[PDB]
Amino acid sequence: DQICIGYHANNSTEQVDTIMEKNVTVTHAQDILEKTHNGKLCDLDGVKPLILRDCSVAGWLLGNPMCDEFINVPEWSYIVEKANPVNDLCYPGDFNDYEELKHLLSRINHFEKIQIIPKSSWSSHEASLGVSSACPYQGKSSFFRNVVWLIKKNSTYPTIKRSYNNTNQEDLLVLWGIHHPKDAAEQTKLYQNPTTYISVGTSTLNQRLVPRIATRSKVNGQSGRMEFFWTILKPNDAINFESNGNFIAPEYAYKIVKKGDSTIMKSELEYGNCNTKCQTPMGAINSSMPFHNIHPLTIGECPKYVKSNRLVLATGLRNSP
Amino acid sequence: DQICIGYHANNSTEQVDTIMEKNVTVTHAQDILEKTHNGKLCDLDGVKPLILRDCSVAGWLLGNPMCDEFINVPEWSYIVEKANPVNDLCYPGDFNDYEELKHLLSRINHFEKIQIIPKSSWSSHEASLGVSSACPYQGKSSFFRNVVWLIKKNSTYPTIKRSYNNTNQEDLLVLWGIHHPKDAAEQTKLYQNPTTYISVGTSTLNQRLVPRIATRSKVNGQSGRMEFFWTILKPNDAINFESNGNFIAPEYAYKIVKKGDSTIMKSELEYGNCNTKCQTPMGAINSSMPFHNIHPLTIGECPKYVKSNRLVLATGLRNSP
Amino acid sequence: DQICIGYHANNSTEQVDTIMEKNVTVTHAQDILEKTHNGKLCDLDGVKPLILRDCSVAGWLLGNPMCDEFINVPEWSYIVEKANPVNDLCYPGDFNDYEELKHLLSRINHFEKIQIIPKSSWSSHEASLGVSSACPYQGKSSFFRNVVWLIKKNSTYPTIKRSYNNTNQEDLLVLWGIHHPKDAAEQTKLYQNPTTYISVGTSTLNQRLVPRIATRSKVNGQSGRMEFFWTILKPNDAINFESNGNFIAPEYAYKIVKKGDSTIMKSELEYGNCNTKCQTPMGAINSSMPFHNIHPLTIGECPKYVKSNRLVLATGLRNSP
Amino acid sequence: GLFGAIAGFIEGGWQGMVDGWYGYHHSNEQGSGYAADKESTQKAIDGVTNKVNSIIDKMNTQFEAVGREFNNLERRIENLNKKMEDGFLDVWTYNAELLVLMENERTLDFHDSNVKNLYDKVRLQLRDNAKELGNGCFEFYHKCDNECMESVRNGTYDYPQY
Amino acid sequence: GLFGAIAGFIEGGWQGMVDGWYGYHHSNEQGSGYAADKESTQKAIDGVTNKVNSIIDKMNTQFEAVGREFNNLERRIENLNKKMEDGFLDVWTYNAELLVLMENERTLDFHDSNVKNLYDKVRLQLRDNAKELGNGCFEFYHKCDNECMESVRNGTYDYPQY
Amino acid sequence: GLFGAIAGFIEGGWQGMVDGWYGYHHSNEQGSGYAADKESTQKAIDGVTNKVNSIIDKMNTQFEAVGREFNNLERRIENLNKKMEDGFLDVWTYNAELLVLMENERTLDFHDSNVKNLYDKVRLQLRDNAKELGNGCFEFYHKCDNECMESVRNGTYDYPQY
Ligand SMILES: *[C@@H]1O[C@H](CO)[C@@H](O[C@@H]2O[C@H](CO)[C@@H](O[C@H]3O[C@H](CO[C@H]4O[C@H](CO)[C@@H](O)[C@H](O)[C@@H]4O)[C@@H](O)[C@H](O[C@@H]4O[C@H](CO)[C@@H](O)[C@H](O)[C@@H]4O)[C@@H]3O)[C@H](O)[C@H]2NC(C)=O)[C@H](O)[C@H]1NC(C)=O
Ligand SMILES: *[C@@H]1O[C@H](CO)[C@@H](O[C@@H]2O[C@H](CO)[C@@H](O[C@H]3O[C@H](CO[C@H]4O[C@H](CO)[C@@H](O)[C@H](O)[C@@H]4O)[C@@H](O)[C@H](O[C@@H]4O[C@H](CO)[C@@H](O)[C@H](O)[C@@H]4O)[C@@H]3O)[C@H](O)[C@H]2NC(C)=O)[C@H](O)[C@H]1NC(C)=O
Ligand SMILES: *[C@@H]1O[C@H](CO)[C@@H](O[C@@H]2O[C@H](CO)[C@@H](O[C@H]3O[C@H](CO[C@H]4O[C@H](CO)[C@@H](O)[C@H](O)[C@@H]4O)[C@@H](O)[C@H](O[C@@H]4O[C@H](CO)[C@@H](O)[C@H](O)[C@@H]4O)[C@@H]3O)[C@H](O)[C@H]2NC(C)=O)[C@H](O)[C@H]1NC(C)=O
Ligand SMILES: *[C@H]1O[C@H](CO)[C@@H](O[C@@H]2O[C@H](CO)[C@@H](O[C@@H]3O[C@H](CO)[C@@H](O)[C@H](O)[C@@H]3O)[C@H](O)[C@H]2NC(C)=O)[C@H](O)[C@H]1NC(C)=O
Ligand SMILES: *[C@H]1O[C@H](CO)[C@@H](O[C@@H]2O[C@H](CO)[C@@H](O[C@@H]3O[C@H](CO)[C@@H](O)[C@H](O)[C@@H]3O)[C@H](O)[C@H]2NC(C)=O)[C@H](O)[C@H]1NC(C)=O
Ligand SMILES: *[C@H]1O[C@H](CO)[C@@H](O[C@@H]2O[C@H](CO)[C@@H](O[C@@H]3O[C@H](CO)[C@@H](O)[C@H](O)[C@@H]3O)[C@H](O)[C@H]2NC(C)=O)[C@H](O)[C@H]1NC(C)=O
Ligand SMILES: CC(=O)N[C@H]1[C@H]([C@H](O)[C@H](O)CO)O[C@@](OC[C@H]2O[C@@H](O)[C@H](O)[C@@H](O)[C@H]2O)(C(=O)O)C[C@@H]1O
Ligand SMILES: CC(=O)N[C@H]1[C@H]([C@H](O)[C@H](O)CO)O[C@@](OC[C@H]2O[C@@H](O)[C@H](O)[C@@H](O)[C@H]2O)(C(=O)O)C[C@@H]1O
Ligand SMILES: CC(=O)N[C@H]1[C@H]([C@H](O)[C@H](O)CO)O[C@@](OC[C@H]2O[C@@H](O)[C@H](O)[C@@H](O)[C@H]2O)(C(=O)O)C[C@@H]1O
Ligand SMILES: *[C@@H]1O[C@H](CO)[C@@H](O[C@@H]2O[C@H](CO)[C@@H](O)[C@H](O)[C@H]2NC(C)=O)[C@H](O)[C@H]1NC(C)=O
Ligand SMILES: *[C@@H]1O[C@H](CO)[C@@H](O[C@@H]2O[C@H](CO)[C@@H](O)[C@H](O)[C@H]2NC(C)=O)[C@H](O)[C@H]1NC(C)=O
Ligand SMILES: *[C@@H]1O[C@H](CO)[C@@H](O[C@@H]2O[C@H](CO)[C@@H](O)[C@H](O)[C@H]2NC(C)=O)[C@H](O)[C@H]1NC(C)=O
Ligand SMILES: *[C@@H]1O[C@H](CO)[C@@H](O)[C@H](O)[C@H]1NC(C)=O
Ligand SMILES: *[C@@H]1O[C@H](CO)[C@@H](O)[C@H](O)[C@H]1NC(C)=O
Ligand SMILES: *[C@@H]1O[C@H](CO)[C@@H](O)[C@H](O)[C@H]1NC(C)=O
Ligand SMILES: *[C@@H]1O[C@H](CO)[C@@H](O)[C@H](O)[C@H]1NC(C)=O
Ligand SMILES: *[C@@H]1O[C@H](CO)[C@@H](O)[C@H](O)[C@H]1NC(C)=O
Ligand SMILES: *[C@@H]1O[C@H](CO)[C@@H](O)[C@H](O)[C@H]1NC(C)=O
């Protein structure tokens, strides 16, 4: 008669690593790394992202004619932009402090577009001939819809002096611009005055722009350039413009109604018709694992990202052959 | 007859955590995390801090009339500044490269103020009418005490050409400024000349400022602005000024006599009448512990900061019920 | 009769540390930290570095007359520059975005210098009198060899309008400059025209420089200054210049033929006549150890840097006295 | 293993013991079979469970990367940003992999320890009333019926009775 | 514990042993009492002390945050700065908490080991001149007076004498 | 050590055992000598070797500093850069030093364990056919010639034969 002491074995082939030994077969194990995703861009907690498609943040905000899909976008959870969106600045130029603005957007979920300076109210200047073949719309020459390219009327560009007072409760994103012409002839052709400027002031802002002239290569068939600027006009503050010419005046500006958690996600993928609690640029995640290895840039309630191919903890004991 | 092997027990209720078990009662333990502070701003090793109170670094250095307390401050250990000091730039404007200067201060313990261009020596310009209601002192209009707001004399602003040679052994912090007027009328009213400038040169520096005019909102009842600039004039080097108007000339500059370890600490607290070897923005620390969890920004001989609520090491063994 | 169980001992004095005990003598150990270097700058995988000696990256690229050694340098593995090279900008001034360019170089192994605007082709301006005592060569006044200091011819500086089209396959580094004169007399003396400019354009670039005048201290016996600028001209793109005076025109520009892994290493050492697979600013490394403590900035196939004085793993067991 | 029981003096585990991690196998005239030791098994389940949760929880606060963009003349800070983000990922990847390796070793050893202690517990009861065979088993000098066997599993093996 | 002594085959500690961490309790016709084992106790004090100092010292060099300020159009680098400083705090907080957990486990096991080894030391002297009771105690076959007891604590227990 | 064998009940090692880490010393009328236990020795070599490679490999991906330069009015980001690079060096220096300390402790204990288990293996064969002396040695009741000794080292010691 005997009694023996022993331990459990089973048919398990699960393996774990240790410092001294690799591929130890154990009776039980627990995988803690999520390796799969659905490969789609999805609603985050039901709230759809803003998918800019072929438009950039600039094309969107300035109102590139090809970006009318985003004329009045609802609240978003996150933003998706391609690596090289084709519909950027239709008329070539620069966007001043573009990156600092994109960063500002990561703290914004919703814009409300409103009119601050009507197009009709330019009674001393020509406001409806500010177009170009570089910005086409249905076969015809158009322009950034949110700003007004003003030119001379009956051979006269009188000094502009306009003021807008932010009577809204919300911070306001104001956009404007300056046109850099090809040569001296074009300057007088569009604006008459050979030496012009744009002065912009607010509570804090103290700007004065002058158009720079130079021979330039033709981007989208244009030797002229547009340099765009922005500011955040706080409530009860007023913005003041003064100019001799080359002024790209604001028509519409965006109210900042909702501030919160957001991000601009770089991805070539389109909308998945889909919902998730955790999104990556490669696809969404539905997992209870504490770790994943899909992509480092995520948004939502996510596992922690690691570069591992494999993380498996032993729970049971060394399994017998 | 018998002999037994055993181990110590006592009345201890100290508990420690392990990977596999939490709240294990042990006979002896050692807490290694400092959790307490005295809640005061104190002398560091006997050397009192500079407590700016309601003044900012700008108000202090430029010589805001409300900041006379700091007209000639002694050596400091560290500097304390509120989050929103009310006595900043009394006359509205900007301070150029303000943050880079504040960073420079973290390597400075003592300034010595000296006069480089006397107020009396402006024999062709009016130097005693450079005041404003925006910078009041005892009910009367005053101005930043360390710079001189020069205006026309008998309807004339002749070209200024002044040079100062750093004959001191110490690096010298030089401050100056430019006035941005409301409109063309005010420009000629103060300085006569419609088109002016300020050119500043040193061994390295090559500056030329021009006043920018624009309609601006009224901060402290002023539509004009003051933009302030600085440089470090090295020994045996000379600074050269030239201007038509709008020049805010230096009177006093600061010698850098002592360079060492310092910091600008953001805090709403006042002086504690107190001494310590380790200071935080929330209060000082007197501890022999290797860790603390008070605040990450400290100065002096301090424990290492961690985010833990609790760090307790077992020394003894598992205590018996 | 008996049989005993025991373990190995030997004459080893190797020691290792543990958490609970330091300096435990063990029978066998393995050192894993490389502590030695050869103290020399060496070829990396046979490919010699560019050792600038007394020249800086600016002196080299602009073509400082004292830096003719580097008139046409072959492919390099890495670059070595002193902390304070004496042959920098011979004529005093600034190099615009100098650090961003040096960073660009860390991704470059080889330049090919080519002529884009011949010196002879300046038929309306004097191109062979653009020299200074600040840039001496064999006792005579010379100048940066890669740019042309143009001045008036027969008392006339007509407007320059030059264009170069990048027909090469490679990206092209283009350098140019602006002269800042001492006073109004010198301006008309060199260039006639009192108010001048330089306008530079490319596909992206939209520049317009104006010479700033001021009284300045004499560096290398000069009160005038040279401010230098650069851009990367992409293939099939054209650069356009226009100027009234003060233009320092390009003659030679550098093709970027090889892009790869490189670095600018700060060191006072000279060439060792030597070869290695891993280089530091203090000397090279030939080791199979996984760690070293020589210097953090390395290039090549290197061990990982740590701040330890000692890393020794136990392999054997506790050795007996 | 460090403790010498699992795949040591006990050569292999038991497919036939389904209801616990460690236990007993008895063999007498009435028959034979397996019985799990409840106490030591539940001890093991609590320790390993607490460990997993401790591991998961400690990795809770950890670096999260954010999107930042930079223009063509901001290459230095762009590189800084990239080196910063990668640096933290490498650190947390190292932490996670090393913790799993280290604690897996300790989990296997822990089980080995629990078996060794259960074996000693029984050895210390039986003393010289049984032959220690050297393989995990004890051969009795007296007959040990099922109640006798149960008293061994109990902790109640009445040594003076035999 | 891993070694099976503390709160294992020795059910509980002794309030009555005040002068050391581990030791002996004797019981005979002359009386009874506790005596600390000096050697094993001092060994334990040295190990634990070295450990604490090793822990403290390793955390000596560690990230110190510095104040840096940024204007309204330097949000990207301000965020970089913040993410950098927080990143290192989280890393060092993790290191400190994990080290305390891991080494606390090893400290408790170390004590368990020291008790087990002291018990075996005595078992190996007495051999078959005493009954191993199964609870930390040894019942002698011969009378063991105070000098007899002392020789057990000595290491000098003269086995052939009994 | 945790397992009590090395510099414990076995007072010291053997200069005379050259061909392995652990083994046997025999002593009878025919003579005496050392013999290494092949199996347990090779086990130890595999574990320690795997450990070293595991250590080396885990430190493979680790922070590499790059040169970045900044002008006189970029002091804030220069400081950021420096604090970033130093921060990671301190972290990886800590990781490396702590890993070496922790694993050195485990390597010494591992050897101690291997000796203890080899000792128990032999004890469990001999049982009551030899006196356990208390110092690593077993004194036989019967004569044990070289073939007898070999069977102990074998695992084949025929207990019923004696
Ligand atoms: C952009 O436009 C907005 C409005 O369209 C400007 O804000 C307003 O600015 C005016 C001055 O131009 C101020 O007028 C007077 O209003 C307050 C009213 O008092 C309180 O109660 C009402 C309740 O309806 C509330 O709206 C106010 O916020 C306030 O709490 C007057 O008390 C005050 O008049 C004073 O009289 C005192 C003697 O009785 C004098 O000592 C004072 O010197 C003063 O004259 C004031 O002048 C509005 O207060 C103000 N409203 C708001 C909501 O801000 C805004 O300034 C403009 N921006 C720019 C940049 O121009
Ligand atoms: C701001 O002001 C300071 C002084 O107020 C300027 O520094 C001085 O600049 C002058 C030139 O304007 C130099 O003058 C001459 O002084 C040296 C003296 O020699 C040595 O010994 C004295 C001991 O007292 C010491 O002070 C000096 O530092 C120096 O080591 C002369 O040797 C030298 O004259 C030379 O004569 C040689 C033939 O004998 C010639 O070959 C040379 O070409 C040269 O003419 C020199 O010219 C001072 O040296 C200088 N002092 C100091 C302390 O710097 C400073 O330049 C000014 N800044 C600006 C931006 O203008
Ligand atoms: C700097 O200089 C270079 C050349 O020195 C400029 O690049 C060239 O620019 C010219 C326009 O000025 C273009 O001319 C015509 O060439 C293509 C040829 O077609 C293809 O096949 C050849 C094979 O040899 C290849 O070289 C080309 O790359 C191309 O793939 C013509 O097809 C085209 O002409 C068109 O005719 C169509 C009707 O047939 C019309 O609808 C079109 O509107 C168009 O007129 C074109 O115009 C060259 O293509 C171009 N070559 C290269 C290699 O880039 C460069 O533009 C200049 N830079 C600046 C900033 O000015
Ligand atoms: C663990 O196991 C031992 C051995 O099985 C237990 O002892 C046995 O306990 C049973 C159930 O209580 C006893 O049965 C009872 O016997 C009495 C007297 O004959 C009778 O009046 C009851 O109706 C019932 O049948 C049994 O006698 C007893 N046997 C022996 C040999 O001791 C023990 O109780 C268990 N202890 C623990 C802590 O689990
Ligand atoms: C550890 O303890 C044992 C047992 O107590 C020690 O043996 C005893 O040692 C004492 C003190 O040295 C001896 O006392 C002496 O006896 C002689 C002869 O009678 C006498 O001349 C002296 O004046 C003194 O009284 C005692 O005889 C002895 N007893 C026995 C039973 O051995 C032992 O020395 C200790 N060893 C160590 C390493 O601590
Ligand atoms: C481990 O060692 C034991 C003891 O040395 C081994 O047993 C011995 O094995 C040898 C070699 O096989 C035997 O020798 C042979 O004996 C037979 C019969 O006399 C003879 O015909 C052969 O020519 C040869 O001499 C020897 O008898 C035997 N001795 C004893 C006492 O058992 C055993 O085989 C070894 N086992 C292992 C697993 O290594
Ligand atoms: C408001 C206005 O003046 N619109 C013009 C525009 C501007 O004058 C010009 O872009 C400013 O630099 O120019 C437009 O013509 C230029 C255009 O002409 C085409 O024939 C040619 O194919 C193009 O390469 C280009 O030169 C324009 O379309 O942009 C006309 C517009 O009405
Ligand atoms: C040196 C000088 O000219 N000081 C004036 C000052 C400046 O002309 C002006 O600030 C430059 O922009 O203006 C002062 O008057 C302006 C002031 O007038 C008050 O009546 C009113 O309450 C204010 O809103 C403001 O318009 C000034 O005090 O700043 C007078 C000063 O002497
Ligand atoms: C192209 C040209 O004009 N070269 C001049 C040069 C420039 O006019 C000047 O540097 C622009 O600011 O000036 C040179 O003379 C100046 C020089 O004169 C020496 O006598 C004196 O020793 C120096 O301090 C300095 O003033 C020059 O060498 O730079 C002559 C050159 O031909
Ligand atoms: C442990 O097992 C893993 C998983 O099977 C092994 O990984 C395989 O290795 C072989 C040979 O190197 C390759 O052909 C396979 O591609 C690997 N498979 C996977 C899924 O990664 C690993 O090599 C084993 N390690 C050791 C030390 O034995
Ligand atoms: C271990 O003990 C700590 C300290 O007592 C426990 O913390 C308390 O938890 C209870 C219930 O969650 C709360 O009501 C108290 O607020 C906590 N007190 C403190 C001081 O933190 C902890 O919950 C215990 N943990 C376990 C696993 O038993
Ligand atoms: C362990 O040994 C090292 C190496 O010998 C000791 O380091 C020496 O320490 C002494 C006294 O502090 C100094 O005089 C020497 O300069 C040190 N030598 C080296 C090479 O570093 C160390 O002190 C010992 N540590 C302990 C705890 O005993
Ligand atoms: C392993 O055994 C389990 C019993 O728990 C059974 O469910 C499963 O089907 C078996 N798998 C294989 C591959 O035999
Ligand atoms: C996620 O996956 C689980 C399976 O584990 C599934 O039951 C659940 O419905 C999924 N949730 C969502 C939101 O897709
Ligand atoms: C615990 O016992 C110690 C004796 O060391 C004594 O000083 C202390 O007062 C006791 N505390 C309690 C609460 O009983
Ligand atoms: C700090 O606290 C200790 C108590 O641990 C006290 O004795 C000492 O005086 C204090 N030191 C200072 C400078 O306050
Ligand atoms: C130690 O012993 C080894 C034998 O392996 C021998 O080669 C070496 O010379 C010895 N060294 C010393 C210092 O005795
Ligand atoms: C590096 O050192 C080894 C010695 O370990 C030597 O044999 C080898 O030649 C050296 N290699 C080079 C490239 O210097």
# chains A, B, ... in the order shown; residues from 1 in each chain; ligands from 1
$ closest_atom_pairs --of "chain C" --to "chain E" --cutoff "7 Å" --atoms "only C-alpha atoms" --output "CSV"
residue,atom,partner,partner_atom,distance
C:19,CA,E:51,CA,5.3
C:20,CA,E:47,CA,4.7
C:21,CA,E:50,CA,6.5
$ residues_near_ligand --ligand "ligand 5" --cutoff "6 Å" --atoms "only C-alpha atoms and all ligand atoms" --output "CSV table (one decimal) with C-alpha atoms, in the first residue's frame"
chain,number,residue,atom,x,y,z
E,147,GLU,CA,24.5,21.8,28.7
E,150,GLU,CA,23.6,24.3,24.6
E,151,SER,CA,25.6,21.8,22.6
E,154,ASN,CA,26.6,25.2,19.6
$ interface_residues --of "chain A" --to "chain B" --cutoff "8 Å" --atoms "only C-alpha atoms" --output "list in words"
residues 199, 200, 201, 202, 203, 204, 206, 207, 208, 237, 238, 239, 240, 241 and 242 of chain A
$ write_last_selection --atoms "C-alpha atoms" --output "short mmCIF file (atom, residue, chain, number, x, y, z; two decimals), in the first residue's frame"
data_model
loop_
_atom_site.label_atom_id
_atom_site.label_comp_id
_atom_site.auth_asym_id
_atom_site.auth_seq_id
_atom_site.Cartn_x
_atom_site.Cartn_y
_atom_site.Cartn_z
CA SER A 199 -2.23 96.08 -41.09
CA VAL A 200 -4.01 93.78 -38.64
CA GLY A 201 -4.60 94.49 -34.96
CA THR A 202 -6.36 92.92 -31.99
CA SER A 203 -5.94 93.09 -28.21
CA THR A 204 -2.59 91.31 -28.59
CA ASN A 206 0.14 93.95 -34.03
CA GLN A 207 0.72 92.97 -37.67
CA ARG A 208 1.69 94.81 -40.86
CA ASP A 237 -12.20 91.61 -28.48
CA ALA A 238 -12.15 93.36 -31.85
CA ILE A 239 -10.03 92.71 -34.95
CA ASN A 240 -9.02 95.71 -37.08
CA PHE A 241 -7.96 95.69 -40.73
CA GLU A 242 -6.43 98.44 -42.87
#
$ select_by_dssp --residues "stretch 93-192 of chain C" --states "strand (DSSP E)" --output "JSON, numbers by chain"
{"C": [93, 94, 95, 108, 109, 110, 111, 112, 113, 114, 115, 132, 133, 134, 135, 136, 137, 140, 141, 142, 147, 148, 149, 160, 161, 162, 163, 164, 165, 172, 173, 174, 175, 176, 177, 178, 179, 180]}
$ closest_atom_pairs --of "chain F" --to "chain D" --cutoff "7 Å" --atoms "only C-alpha atoms" --output "CSV"
residue,atom,partner,partner_atom,distance
F:58,CA,D:94,CA,6.8
F:61,CA,D:90,CA,6.7
F:62,CA,D:90,CA,6.4
F:63,CA,D:87,CA,5.8
F:68,CA,D:76,CA,6.7
F:81,CA,D:80,CA,6.9
F:110,CA,D:2,CA,6.7
F:113,CA,D:2,CA,5.6
F:117,CA,D:4,CA,5.8
F:124,CA,D:134,CA,4.9
F:125,CA,D:134,CA,6.5
$ closest_residue --among "C:37, C:310, C:140, C:103" --to "residue C:261" --atoms "only C-alpha atoms"
C:103
$ atom_distance --atom1 "atom CA of residue C:48" --atom2 "atom CA of residue C:66"
21.9 Å
$ residues_near_ligand --ligand "ligand 10" --cutoff "10 Å" --atoms "only C-alpha atoms and all ligand atoms" --output "list in words"
residues 15, 16, 17, 21, 22, 23, 24, 309 and 310 of chain A; 50 of chain F
$ write_last_selection --atoms "N, CA and C atoms" --output "PDB file, in the first residue's frame"
ATOM      1  N   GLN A  15       3.328  27.448 -24.741  1.00  0.00           N
ATOM      2  CA  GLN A  15       4.720  27.605 -24.321  1.00  0.00           C
ATOM      3  C   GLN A  15       4.963  29.010 -23.793  1.00  0.00           C
ATOM      4  N   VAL A  16       5.883  29.136 -22.845  1.00  0.00           N
ATOM      5  CA  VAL A  16       6.284  30.437 -22.320  1.00  0.00           C
ATOM      6  C   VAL A  16       7.792  30.498 -22.297  1.00  0.00           C
ATOM      7  N   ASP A  17       8.337  31.716 -22.284  1.00  0.00           N
ATOM      8  CA  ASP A  17       9.777  31.923 -22.137  1.00  0.00           C
ATOM      9  C   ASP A  17      10.145  32.346 -20.717  1.00  0.00           C
ATOM     10  N   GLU A  21      15.469  29.607 -19.993  1.00  0.00           N
ATOM     11  CA  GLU A  21      14.933  28.583 -20.882  1.00  0.00           C
ATOM     12  C   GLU A  21      13.806  29.146 -21.726  1.00  0.00           C
ATOM     13  N   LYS A  22      13.812  28.799 -23.003  1.00  0.00           N
ATOM     14  CA  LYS A  22      12.809  29.288 -23.927  1.00  0.00           C
ATOM     15  C   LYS A  22      11.913  28.132 -24.318  1.00  0.00           C
ATOM     16  N   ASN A  23      10.665  28.435 -24.653  1.00  0.00           N
ATOM     17  CA  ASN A  23       9.737  27.421 -25.149  1.00  0.00           C
ATOM     18  C   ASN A  23       9.483  26.289 -24.160  1.00  0.00           C
ATOM     19  N   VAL A  24       9.167  26.657 -22.923  1.00  0.00           N
ATOM     20  CA  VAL A  24       8.778  25.698 -21.893  1.00  0.00           C
ATOM     21  C   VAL A  24       7.285  25.426 -22.038  1.00  0.00           C
ATOM     22  N   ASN A 309       6.419  41.058 -30.388  1.00  0.00           N
ATOM     23  CA  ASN A 309       5.647  40.112 -31.192  1.00  0.00           C
ATOM     24  C   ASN A 309       4.831  39.145 -30.325  1.00  0.00           C
ATOM     25  N   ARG A 310       5.226  38.990 -29.060  1.00  0.00           N
ATOM     26  CA  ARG A 310       4.676  37.947 -28.200  1.00  0.00           C
ATOM     27  C   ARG A 310       4.839  38.272 -26.697  1.00  0.00           C
TER      28      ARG A 310
ATOM     29  N   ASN F  50      22.062  30.475 -21.497  1.00  0.00           N
ATOM     30  CA  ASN F  50      20.812  31.069 -21.968  1.00  0.00           C
ATOM     31  C   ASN F  50      20.539  32.407 -21.289  1.00  0.00           C
TER      32      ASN F  50
END
$ residues_around --residues "stretch 69-73 of chain E" --least-positions-apart "2" --cutoff "7 Å" --atoms "only C-alpha atoms" --output "ChimeraX atom specification"
/A:100 /B:99 /E:67,75,78
$ write_last_selection --atoms "C-alpha atoms" --output "mmCIF file, in the first residue's frame"
data_model
loop_
_atom_site.group_PDB
_atom_site.id
_atom_site.type_symbol
_atom_site.label_atom_id
_atom_site.label_comp_id
_atom_site.auth_asym_id
_atom_site.auth_seq_id
_atom_site.Cartn_x
_atom_site.Cartn_y
_atom_site.Cartn_z
ATOM 1 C CA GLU A 100 0.696 75.361 -34.598
ATOM 2 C CA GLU B 99 11.001 83.048 -22.493
ATOM 3 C CA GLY E 67 11.084 74.779 -15.447
ATOM 4 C CA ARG E 75 2.358 74.860 -28.168
ATOM 5 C CA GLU E 78 5.518 72.954 -24.870
#
$ residues_around --residues "residue F:148" --least-positions-apart "3" --cutoff "12 Å" --atoms "only C-alpha atoms" --output "list in words"
residues 1, 2 and 3 of chain C; 26, 27, 28, 30, 126, 140, 142, 143, 144, 145, 151, 152, 153, 154, 155, 156, 157, 158, 159, 161 and 162 of chain F
$ residues_near_ligand --ligand "ligand 13" --cutoff "9 Å" --atoms "only C-alpha atoms and all ligand atoms" --output "PyMOL selection string"
(chain A and resi 10-12) or (chain D and resi 18)
$ select_by_dssp --residues "chain F" --states "alpha helix (DSSP H)" --output "ChimeraX atom specification"
/F:38-58,75-126,146-154
$ residues_around --residues "residue A:269" --least-positions-apart "3" --cutoff "10 Å" --atoms "only C-alpha atoms" --output "MDAnalysis selection string"
chainID A and resid 39:41 51 53 80:82 266 272 281:283
$ residues_near_ligand --ligand "ligand 18" --cutoff "7 Å" --atoms "only C-alpha atoms and all ligand atoms" --output "ChimeraX atom specification"
/C:275-276,286-287
